[PDB]
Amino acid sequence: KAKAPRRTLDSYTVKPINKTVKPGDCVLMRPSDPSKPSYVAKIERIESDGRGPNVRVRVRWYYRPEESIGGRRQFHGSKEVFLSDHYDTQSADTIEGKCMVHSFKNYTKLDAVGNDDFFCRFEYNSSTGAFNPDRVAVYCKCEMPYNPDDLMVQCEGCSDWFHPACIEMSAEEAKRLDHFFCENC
């Protein structure tokens, strides 16, 4: 035929996806390695190219810890991602499904975490490898940042929180917790 103009869309819905997305939404996008886990992205813009025609999506990349320069670390959550310097444009049909990037705080407040739920406490730099903020709060004797996956427990003099394994204690110890005092007290 002949081609229609390019148009920026309020929203786009895909039959394969079966879900309808708008700008500002977070999505999972198939990487070229299909076995590889989905890329997490934030949709800045949706646009249709009349030539194809096809739909292009301007995405800002959310990096996984294992995609970061530093690599994954102990205090890094399973569903943790960093908002990154990296922008790209992808096909609309590379989208598997919608997802939610919560604030670290709101993620902590979540009753149950599904494969859809993620959290972000770090902004990220793709070239340098810088983090913003450069540091957060730390806890226990390991003096490491908090991983919401893991279980900690509070006390009195310290009123700090501890990994049981870090102090001989059981995973099972704190259930039967009349209460907690730690040596530093």
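The first residue of the sequence shown is number 1, and the count goes up from there.
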| item | value |
| --- | --- |
| Mean temperature factor over C-alpha atoms, higher-scoring stretch between 97-105 and 111-119 | 111-119 |
| Stretch exceeding the other in mean C-alpha B-factor - 138-146, 57-65 | 138-146 |
| Which of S48, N132, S127, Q154 ranks first by CA B-factor in the deposited coordinates | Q154 |
| Relative C-alpha B-factor of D25, binned into the chain's lowest, middle or highest third | lowest |
